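J.: partial complex here, more coming in a sec:
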Amino acid sequence: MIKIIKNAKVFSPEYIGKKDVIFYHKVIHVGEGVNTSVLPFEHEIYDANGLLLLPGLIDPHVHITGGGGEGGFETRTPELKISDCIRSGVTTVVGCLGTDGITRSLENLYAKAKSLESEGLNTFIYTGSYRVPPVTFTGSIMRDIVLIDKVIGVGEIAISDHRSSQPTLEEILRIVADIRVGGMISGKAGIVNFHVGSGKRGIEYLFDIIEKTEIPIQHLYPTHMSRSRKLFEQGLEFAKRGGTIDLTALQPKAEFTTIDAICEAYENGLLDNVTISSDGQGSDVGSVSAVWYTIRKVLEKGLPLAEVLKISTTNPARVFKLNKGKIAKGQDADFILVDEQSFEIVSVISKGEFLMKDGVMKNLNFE
Amino acid sequence: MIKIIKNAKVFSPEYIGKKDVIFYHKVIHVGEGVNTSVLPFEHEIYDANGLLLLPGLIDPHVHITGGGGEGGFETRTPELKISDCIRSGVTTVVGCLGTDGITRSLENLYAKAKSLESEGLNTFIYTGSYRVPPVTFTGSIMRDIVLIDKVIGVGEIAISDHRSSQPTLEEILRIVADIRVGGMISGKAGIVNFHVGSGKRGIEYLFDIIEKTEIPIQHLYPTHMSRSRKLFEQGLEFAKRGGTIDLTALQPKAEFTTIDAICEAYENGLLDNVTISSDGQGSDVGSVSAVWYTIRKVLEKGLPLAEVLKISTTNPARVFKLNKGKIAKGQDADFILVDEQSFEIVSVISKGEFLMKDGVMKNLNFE
Amino acid sequence: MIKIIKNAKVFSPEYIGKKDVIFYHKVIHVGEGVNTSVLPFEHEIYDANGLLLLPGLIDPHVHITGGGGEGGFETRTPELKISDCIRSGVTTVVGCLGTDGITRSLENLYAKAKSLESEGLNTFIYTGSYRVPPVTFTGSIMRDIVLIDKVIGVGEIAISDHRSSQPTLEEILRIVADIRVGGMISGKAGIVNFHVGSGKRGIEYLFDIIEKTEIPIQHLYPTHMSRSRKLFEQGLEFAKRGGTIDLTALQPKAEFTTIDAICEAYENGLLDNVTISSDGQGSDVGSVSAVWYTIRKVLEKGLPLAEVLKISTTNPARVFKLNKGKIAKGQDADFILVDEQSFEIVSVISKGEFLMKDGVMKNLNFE
């Protein structure tokens, strides 16, 4: 069914004011309200007066199958619920494994990514986990990314962390070169996602790769880059050379935060190089609710919405080479509708289907 | 802490009337109320007047990690919640895999069994899954049962079913001989659990094993044996030769049922050879609530409670060689307290800890 | 871009006469010509007056990477050209390997299927090849169909043929059970495609599977079933029990033919159980042109077009569980436009893109 959203202020994410959006699975037309609209086929209309229309948020780091286990088997966290995603405005998720690559399987990660997609979400996964050498579906990360549609990279590889497998630079280079080449063969981005711990070495290895080899900076995507001011300023040096860094969203649950980090990146013209992620179901427990929460905390510091949205729409889309994050002709019909007063998510659209309409969740399988 | 339950009618499961139970992790003493009780150490007392004290129920067939997936990735079911167990009177669970041995891992089954145990449940697992040759932790089912404490058998191996891997008698015999010998080395029972489908061959192979080889009938534990009157009467022939059969509990959610099956087994003196199981989280969805529900439906047909309890206490304990299912000195302190009028579970004790006291659930990690 | 085809007689494949079709990637609306059509967005119109609009043809058996090699390395055939497909009306192809599973790789089959899809074709592949035990991407055919989107089955497994690996019934049953279960987990059909040679045993094993096991007849898809009258009459017995059989299309390049076979199946009410395939690039050389050629030869025997089209639209779609073969709302916009006089293919549409418009091929990469 073709649908039309009328009377919303649209952030594309660039503010283009009051515009009407016609979509199937892809956006057909953005423009001024028709006012004849005599249409020769069945079609749905949604009155979004009072609402902002945004691109659906992209969370590029979620433990969709559950994580935890750093404190024993009793610290394993539950799997992601799609209902959590819908009421937090997240329409696209990138799932990985974490510390535990033994009791959490890649095949379960894939299966979970496929069931989230069935219920109307958009999903991609990494192969590997914290440990080097990385777990694989097929015996090599290069075969994983060539043969399995949803695999977009390897991650999250731990460096400068007490849970790392203490990988060498040589081991890292082989993994980065394999996912880069596998990316080229398969027409995918080929991302290495680095879990960066609090170790003094920080992102040394990332600088070593770009200085000592021909490997472009765009495959290297460190996260937890707001863990400390010192790490975040190593991050801005990495951005200045063309890199993108990921900051762990503020959880709804205190000196230097992701909020400070985002404000510094803006003042220095590097907000194009910054993503945020929930680390949802991570070790208590990441919520995907952290993404819209974190955007709302940055707005309250005076930053314009067209600019803040980059961290959860334009920037993750560029990193993963997705046709998402943009309301525009031929882009995929993934949108959230926010109340212009309260800024509460009231409607959520993915592939042009309402997952949520005016606070009313669609029908789900175990909810 | 040493505890005492006073003023309950005790089913051990044999009815021994009004008796007092003193326990730590194991039962210290069953007998008449002290009426001096001047005890030289800290100690808890529970007034169970109005309540029946039962042995904790043993569900020998639960998909603790989730199952389903027969209808695509959207039909994968969620993992078991310990809270479901507690309020359904199940203190012991035996976890297996089902149709899906690809996206459901053995290591996850183990990890889940370990976290249920941390929260106060008693857990055992099978190695393998539906498919022959069976998935293993270590490359052989015999090494699995010798090296991994919780592995008590292989299961559930599908026979006479459209989801089976069409196993031969020779393949079955090798698997049964391996789990029997692995059982002997490890001092465990060595159970083969057969998923029996609706195929015309039924439990042919089980009769073939005992008639044509030296393999004792006690390792062979078919389930879904109330699927049809014809299969259940093959089951009673199997019981008459010394076998135990498992019947899928009636789900709280219509000619020949598990209720009819249990009543026939009683009238023919074969209730000692019968277990029930929820198939909890199985493909809608098995609930562990099915076990106490099914016991309550048999009571309403006039069968005595001391006799019905055998299917969820004495019989599963004998099959798996567990020190459970009996309220008696040196047995493990696993009990339920039922209201003598309503027959509602009001308290649940495992290893002598209250998981539930007077409808009040203990503190759990993601609940 | 939204497009509309005006003034064609539409075969859906049921004849619904002069109707107008509005589509993006999926069909939006079939119905009577608008005659106001004032549409508030960019949109393309195609005047198909003089043309029949058909569903795009589905060829379920093509050696897309090349085949041959039965007569030495000089008998290897070239890979499929997408241009061959377009000018033969084939919009969907199912690619497999044949006799040679050594020098022809599965990963090449996948890569070729992906490049045909990029140029605008719709592609699926089998895992395996002629030989039992079958070649795999990941070490098991069950993992292949669960993990790799395009894998829809195993094939083509040779039986009753001098190039077979002389597989046993037990080996066949394990392979059929694995692809059936892998199908259920992955939400795909799980087809076993049998290459049937001229050996006296014919499709004995197929009857053995359905008579002796619980395995439904719909997974079993023999081809070359018009090789002889005797084999084809074994085929009609298989159809009468619910099976679908595949007949090798007549090549444009003499007693009992595929034409006779199709006419017999119609007179006996079994045309619903019949597909044809080119065996394109097969050992001279199969052409995908055989499909439309074979449909044209059946029309010249007086059979109605709505009925003949079933063999290349409805029937392959049902076998592979595809949303193809039907012009109807929500179905994928794959169509051919035929001249009503000459019956020459003049336009070809896949995912709503013109691969060919009025004899003019789109822009291709090495053509």
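T.: That came through, no problem. Numbering: from 1, shown residues only, chains lettered A, B, ... in the order given.
J.: would you map the strands across the stretch 201-350 of chain A?
T.: A:220-223, A:245-248, A:274-277, A:335-339, A:345-350 (DSSP state E, counting those that start in this stretch).
J.: how about the strands of the stretch 51-200 of chain A, start to end?
T.: Applying DSSP E, counting those that start in this stretch to the stretch 51-200 of chain A gives strands spanning A:51-55, A:57-62, A:90-95, A:122-127, A:151-159, A:191-196.
J.: backbone dihedrals for the residue in the stretch 151-300 of chain A that chain B sits nearest to, please?
T.: Closest to chain B within the stretch 151-300 of chain A is residue A:285: 7.6 Å, counting by Cβ to the nearest Cβ. (Each C-beta comes from the backbone N, C-alpha and C, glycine too.) Taking degrees, to the nearest 10, you get phi -120, psi 120 for the backbone angles of residue A:285.
J.: for the stretch 1-150 of chain A, which residues are neighbours of chain C?
T.: A:2, A:22, A:24-26, A:28-29, A:31, A:34, A:36-42, A:107, A:110-111, A:137-138, A:143, A:146-149 (Cβ under 8 Å from any Cβ of the partner chain).
J.: the nearest residue to residue A:293 once chain neighbours are set aside and chain C, how far apart?
T.: In space, and not counting its chain neighbours, residue A:293 is closest to residue A:252: 4.8 Å by Cβ to Cβ, 6 or more residues apart in numbering or on different chains. Distance, residue A:252 to chain C, using Cβ to the nearest Cβ, to the nearest Å: 35 Å.
J.: how many neighbours does residue A:250 have?
T.: 21 (other Cβ atoms under 10 Å in any protein chain shown).
J.: for it, what are its contacts?
T.: By Cβ atoms under 8 Å, 6 or more residues apart in numbering or on different chains, the contact set of residue A:250 is A:257, A:258, A:259, A:290, A:293, A:294, A:297.
J.: how about 6 Å then?
T.: By Cβ atoms under 6 Å, 6 or more residues apart in numbering or on different chains, the contact set of residue A:250 is A:258, A:294, A:297.
J.: do residue A:158 as well
T.: A:130, A:164, A:195.
J.: which residue does the stretch 251-367 of chain A bring closest to chain B?
T.: For the stretch 251-367 of chain A, Cβ to the nearest Cβ, closest residue to chain B: residue A:366, 5.4 Å.
J.: and residue A:166, how many neighbours?
T.: 10.
J.: measure it to residue A:131 for me?
T.: Residue A:166 sits 10 Å away from residue A:131, taking Cβ to Cβ, to the nearest Å as the criterion.
J.: grab the nearest non-local neighbour of residue A:43.
T.: Residue A:43 sits nearest to residue A:2 (Cβ to Cβ, 6+ apart), 4.7 Å away.
J.: can you count the residues close to that neighbour?
T.: 19.
J.: another chain to add, chain D:
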Amino acid sequence: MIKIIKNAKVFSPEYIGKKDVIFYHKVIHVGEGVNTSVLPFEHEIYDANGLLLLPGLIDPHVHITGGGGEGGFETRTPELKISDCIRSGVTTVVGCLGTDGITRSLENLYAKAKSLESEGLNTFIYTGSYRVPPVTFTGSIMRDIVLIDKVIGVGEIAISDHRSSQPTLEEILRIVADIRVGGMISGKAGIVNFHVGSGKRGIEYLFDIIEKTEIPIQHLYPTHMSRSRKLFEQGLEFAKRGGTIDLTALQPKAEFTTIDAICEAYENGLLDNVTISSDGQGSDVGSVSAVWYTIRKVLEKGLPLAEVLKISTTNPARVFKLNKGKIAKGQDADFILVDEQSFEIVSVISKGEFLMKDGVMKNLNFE
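T.: Just below you will find chain D, in place on the chains above:
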């Protein structure tokens, strides 16, 4: 059966003087003698007047399956007898392999650990042996510690020794990181036990791990650290940074000894960082009798018993995260009874069972 020890002076190991101990498998109550004791259940009383009650000794390094073989097949030593343990006051043993990882199997180490436990001992094992890369049950040390209850670490890895496999720092770091992460997932300590030879490098690598990585010092447990004054003073530098070191007990069978080592550690406030071990059945032959012998030699130098006991109770318990080494409520009922005059072991209790009562050994299987 509940039991009570009356009239002993209790070292917990802190001296708490004349106290009474009530226990099942765990200690129920420590306190002043009841003097009413009218107890409503069967119960055993032991008159320990004239005896000191100590926590059962923990020997964290025993070749329970036999060792030796450095001088050819004729130098293989016999397996440990449980009777040796009982009459030497050792109630807990940690078993490993040594030089020979070829003819001594891990599965035998496990089996031996299980049979010692059956006869009433408490047992844990390491995976691996001297050689890097280390032998495993399952193909990785991380899977070994997650899947096998008794595996508490990897050991004993040889460094600075002529029998080492000359491991690199990188190989060591991977092994330490794997056992640390496997420890976290499994809720176990994750110990690397280093056999330190007489090579000039000593424990260089241990300092390299803590200085150059985020890996905490508590996983690193070198032994033979009294082999020389020079090595022992490297050991005290390691203790000063938070490490625990192991000293080979003096064998009952001459400048710088374990006695000197323990006295130096006390004078410098580092006795909390010191364990001793028999190296029992090691290459003549370690005896587990060395542990109580070595404690008796330190007492004869004037050190107080509450302090000396730390090396065989509190310190090994902290290293391995065991609920042992403490006489206290909820701790496991493992105790020795010593004659206050002669200091001879006269009774030994494990899990609250008498292995030895007044010089009378319990009934054993091949003794």
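J.: with chain D now part of the structure, what is the answer for the contacts of residue A:250?
T.: Residue A:250 touches A:258, A:294, A:297, counting by Cβ under 6 Å, 6+ apart.
J.: what do you get for residue A:119?
T.: residue A:82.
J.: any idea how far residue B:103 is from it?
T.: 16 Å.
J.: identify the residue spatially nearest to the closest residue to chain C within the stretch 101-250 of chain A, adjacent ones excluded.
T.: Per Cβ to the nearest Cβ, residue A:149 is where the stretch 101-250 of chain A lies closest to chain C, at 4.8 Å. Spatially, and ignoring its direct neighbours in sequence, residue A:149 is nearest to residue C:149 (4.8 Å; Cβ to Cβ, 6+ apart).
J.: in this structure that neighbour contacts residue A:148, no?
T.: No. Using Cβ atoms under 6 Å, residue C:149 is not in contact with residue A:148; the gap is 8.2 Å.
J.: of the two, which one has the most company?
T.: residue A:148 (21 against 16).
J.: what's near enough to touch that one?
T.: Taking Cβ under 6 Å, 6+ apart, we find residue A:148 in contact with A:137, C:147.
J.: rerun at 7 Å
T.: Shown in contact with residue A:148 (Cβ atoms under 7 Å, 6 or more residues apart in numbering or on different chains): A:137, C:147, C:148.
J.: quick check, nearest of the residues you listed to residue D:314?
T.: residue A:137 (47.4 Å; Cβ to Cβ).
J.: what are the phi and psi values at the closest one?
T.: The phi/psi pair for residue A:137 (degrees, to the nearest 10) is phi -70, psi -30.
J.: quick one: it and chain B, what's the gap?
T.: Using Cβ to the nearest Cβ, one obtains 11 Å as the distance from residue A:137 to chain B.
J.: and if you look at residue A:55?
T.: Taken as Cβ to the nearest Cβ, the span from residue A:55 to chain B is 26 Å.
J.: from residue A:33, how far off is that residue?
T.: Distance from residue A:55 to residue A:33, by Cβ to Cβ: 21 Å.
J.: excluding its backbone neighbours, what's nearest the residue of the stretch 51-200 of chain A at minimum distance from chain D?
T.: Closest residue of the stretch 51-200 of chain A to chain D, Cβ to the nearest Cβ: residue A:72 (2.9 Å). Closest residue to residue A:72 in three dimensions, ignoring its sequence neighbours and counting by Cβ to Cβ, 6+ apart: residue D:187, at 2.9 Å.
J.: try residue A:100
T.: Going by Cβ to Cβ, 6+ apart, residue A:100 has residue A:69 as its nearest residue, at 4.3 Å.
J.: residue A:337 too?
T.: residue A:347 (3.7 Å).
J.: ok, back up a step: so of the contacts of residue A:250, which ones are in helices?
T.: Assigned to helices by DSSP state H, the following of the contacts of residue A:250 qualify: A:258, A:294, A:297.
J.: now neighbour count and distance to residue B:80 too, for those residues, in a markdown table please.
T.: Below are the ones in helices among the contacts of residue A:250 laid out as a markdown table (neighbours: other Cβ atoms under 10 Å in any protein chain shown; distance: Cβ to Cβ, whole Å):
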| residue | neighbour count | distance to residue B:80 |
| --- | --- | --- |
| A:258 | 24 | 36 |
| A:294 | 25 | 34 |
| A:297 | 17 | 37 |
